[PDB]
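Peer 1: Residue numbers (the entry's author numbering): 4 to 366.
C-beta: ideal position from N, C-alpha, C; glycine also.
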Ligand SMILES: Cc1cc2nc3c(=O)[nH]c(=O)nc-3n(C[C@H](O)[C@H](O)[C@H](O)COP(=O)(O)O)c2cc1C
């Protein structure tokens, strides 16, 4: 079933082998600008059922990693247009993953050199990636954030809305909202990072308010069948847990998302260091509540993907590190060929080496 077609909102994927969103930190600074090298990398992977791009800033304030691209400036839009054109010339489909990093950021890359923003003024207690004076990736402790004022929230929603308009002009087929992995939307969702006492904190209805406002805004801006969302609502991701009622709160959010008729729900099931697997009973509860495509991710093998797709519990799988290393992952999985070995030392930063130099089966 991995190599059978799937309707994903407004587009049709020819197979269920998707490229997960992968931050690679190779954009130009100043300007957070995508490059022709990035275009080549994505073009190489155009046989994917769907490419989901690296996380991309909705605004300058959204930036948390040096080398991550934006989709807010004219120069960024022009560069992304070239990248999507190359994917489409090879008959691929590409979604842009949009983020605001919130507290997973550093003052030195924020507007004005000021503290980054979040739901509450609590440090993430982790690291982000900056660049040194020679342009090389380095890890730095996160800056303690400032809590957003209530009157600043509409601007955040508008920044998501505008980035989606920009994505449409840039030629993306779909947008994926990053509501996972401890970034800004997840910072509001989780009671561990959200201690607000206004209508954006406290109850699950209040904690989900921002993400649902964003979903409504972007569905109105473009179309519901162009919108996907990534969540990581069970377990701990980048020091952000999901609170003491994680299953119930996840099912609440999913039931609300379903009302908007969005294209897909993408679940990041565990982080790279691992965690408890999803139960089939939980997967069935998610199916009961969501009527679009469900994508699973997190250390999947083709065997596990086939098992869960065959069981009718998910529709597609997003592979991360296997897609870094195998531009033709679809053909390799379909033919049961060996995969290229991974070189994790070049996942972040640098240039062509460890990026565009992983070969296909045939030249
Ligand atoms: C180098 C690297 C960068 C990542 N960047 C992102 C990202 O930009 N957005 C996101 O939602 N997840 C990100 N992730 C998670 C992946 O999308 C994916 O869920 C994970 O790699 C799946 O596990 P796998 O690599 O075992 O297939 C990243 C993972 C890696 C290894």
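Consider the C-beta atom of residue 324 and the heavy atoms of ligand 2; say whether any pair is separated by less than 7 angstroms.
Peer 2: In the structure shown, ligand 2 is absent; the only ligands present are ligand 1.
Peer 1: Using the Cα positions of residue 325 and residue 200, report the straight-line distance between them to the nearest angstrom.
Peer 2: Here residue 325 corresponds to residue number 322 of the chain shown, with the count starting at 1. Here residue 200 corresponds to residue number 197 of the chain shown, with the count starting at 1. Looking at the two C-alpha atoms, the distance is approximately 43 angstroms.
Peer 1: Find the nearest neighbour of residue 131 within the set 81, 184, 170, judged by alpha-carbon distance.
Peer 2: Translated into the one-based positions of the chain shown, residue 131 becomes position 128. Among 81, 184, 170, the Cα nearest to that of residue 131 is on 184.
Peer 1: State the DSSP-derived secondary structure class of residue 322, mapped to helix, strand or coil.
Peer 2: As a working mapping, residue 322 is identified with position 319 in the chain shown. If DSSP states are grouped into helix, strand and coil, residue 322 belongs with the strands.
Peer 1: Any heavy atom of ligand 1 closer than 7 angstroms to the Cβ of residue 319?
Peer 2: For the purposes of this step, residue 319 is identified with residue 316 of the chain shown, where counting begins at 1. Flag unset: Cβ of residue 319 not near ligand 1.
Peer 1: Could you tell me which whole alpha helix (DSSP H) segments of length 4 or greater appear in the region 83 to 128?
Peer 2: Taking only runs of at least 4 residues, no alpha helix (DSSP H) segment lies wholly in the region 83 to 128.
Peer 1: With distance defined between alpha-carbon atoms, name the residue in 109, 26, 227 nearest to residue 101.
Peer 2: For the purposes of this step, residue 101 is taken as the residue at position 98 of the chain shown. Of the listed residues, the one whose Cα sits closest to residue 101 is 26.
Peer 1: Between which two residues does the beta strand (DSSP E) carrying residue 237 extend?
Peer 2: If you number the chain shown from 1, residue 237 lands on position 234. Segment: none, residue 237 is in no beta strand (DSSP E) and carries neither H nor E.
Peer 1: Excluding five sequence neighbours on each side, which residues of the same chain lie with their C-beta closer than 6 angstroms to the C-beta of residue 297?
Peer 2: In the chain shown, residue 297 corresponds to position 294, counting from 1. Cβ neighbours of residue 297 beyond the five flanking positions: 268, 317, 318.
Peer 1: According to DSSP, simplified to helix, strand and coil, what is residue 60?
Peer 2: Here residue 60 refers to the residue found at position 57 of the chain shown. Three-state result, residue 60: strand.
Peer 1: So who's on the other strand from residue 21, going by DSSP bridges?
Peer 2: Residue mapping note: residue 21 aligns to position 18 of the chain shown, counting from 1. Bridge partners of residue 21: 321.
Peer 1: In the DSSP assignment, what are the bridge partners of residue 181?
Peer 2: Taking the chain shown and counting its residues from 1, one reaches residue 181 at position 178. Answer by DSSP bridge pairing, in chain order: 233.
Peer 1: Cα separation between residue 261 and residue 203?
Peer 2: As a working note, residue 261 is residue 258 in the chain shown. As a working note, residue 203 is residue 200 in the chain shown. Rounded to whole angstroms, residue 261 to residue 203 spans 21 angstroms at the Cα level.
Peer 1: Quick one: does the C-beta of residue 233 sit closer than 7 angstroms to a heavy atom of ligand 1?
Peer 2: Residue mapping note: residue 233 aligns to position 230 of the chain shown, counting from 1. Result yes, Cβ under 7 angstroms from ligand 1.
Peer 1: For residue 426, which option in 74, 136, 275, 10 has the closest C-alpha, if you only look at C-alpha atoms?
Peer 2: Residue 426 falls outside the range modelled here, since the chain spans only 4 to 366, and no answer is possible.
Peer 1: Can you give the Cα-Cα distance for residue 19 and residue 333, rounded to whole angstroms?
Peer 2: Position 16 of the chain shown, counting from 1, holds the residue named residue 19. Position 330 of the chain shown, counting from 1, holds the residue named residue 333. Going by the C-alpha atoms only, they are around 9 angstroms apart.
Peer 1: Please tell me whether, using a cut-off of 7 angstroms, the distance from the CB of residue 407 to the nearest non-hydrogen atom of ligand 1 is below it.
Peer 2: Missing from the structure shown is residue 407; the chain here goes from 4 to 366 and no further.
Peer 1: Any chance the CB of residue 49 is under 7 angstroms from a heavy atom of ligand 1?
Peer 2: As a working note, residue 49 is residue 46 in the chain shown. Checking every heavy atom of ligand 1 against the Cβ of residue 49, none is found closer than 7 angstroms.
Peer 1: Given a cut-off of 8 angstroms on the beta-carbon distance, is the pair residue 14 and residue 96 in contact?
Peer 2: Translated into the one-based positions of the chain shown, residue 14 becomes position 11. Translated into the one-based positions of the chain shown, residue 96 becomes position 93. Taking 8 angstroms as the Cβ cut-off, residue 14 and residue 96 qualify as a contacting pair.
Peer 1: Is residue 267 near ligand 1, with its Cβ less than 7 angstroms from a heavy atom?
Peer 2: Stepping through the chain shown from its first residue, residue 267 is reached at position 264. No; taking the cut-off as 7 angstroms, the Cβ of residue 267 has no heavy atom of ligand 1 nearer than that.
Peer 1: Ligand 1 heavy atoms versus the CB of residue 303: any closer than 7 angstroms?
Peer 2: What you label residue 303 is simply residue 300 of the chain shown in a count that begins at 1. Under cutoff, so the answer is yes.
Peer 1: Which residues mark the beginning and the end of the alpha helix (DSSP H) in which residue 286 is found?
Peer 2: Taking the first residue of the chain shown as 1, we reach residue 286 at position 283. Counting along the chain, the alpha helix (DSSP H) containing residue 286 begins and ends at 283 to 292.
Peer 1: List the endpoints of the continuous alpha helix (DSSP H) containing residue 207.
Peer 2: Along the chain shown, read from residue 1 onward, the residue named residue 207 stands at position 204. Where residue 207 is concerned, the enclosing alpha helix (DSSP H) stretches over 207 to 210.
Peer 1: Going along the chain, which residues of its own chain have a beta-carbon closer than 6 angstroms to the beta-carbon of residue 82, five neighbours each way excluded?
Peer 2: Within the chain shown, the letter at position 79 stands for residue 82. Closer than 6 angstroms at Cβ, skipping near neighbours: 36, 37.
Peer 1: Closest to residue 108 by CA distance: which of 23, 263, 60, 159 is it?
Peer 2: Counting from 1 along the chain shown, the entry for residue 108 is found at position 105. Closest option to residue 108, Cα to Cα, is 60.
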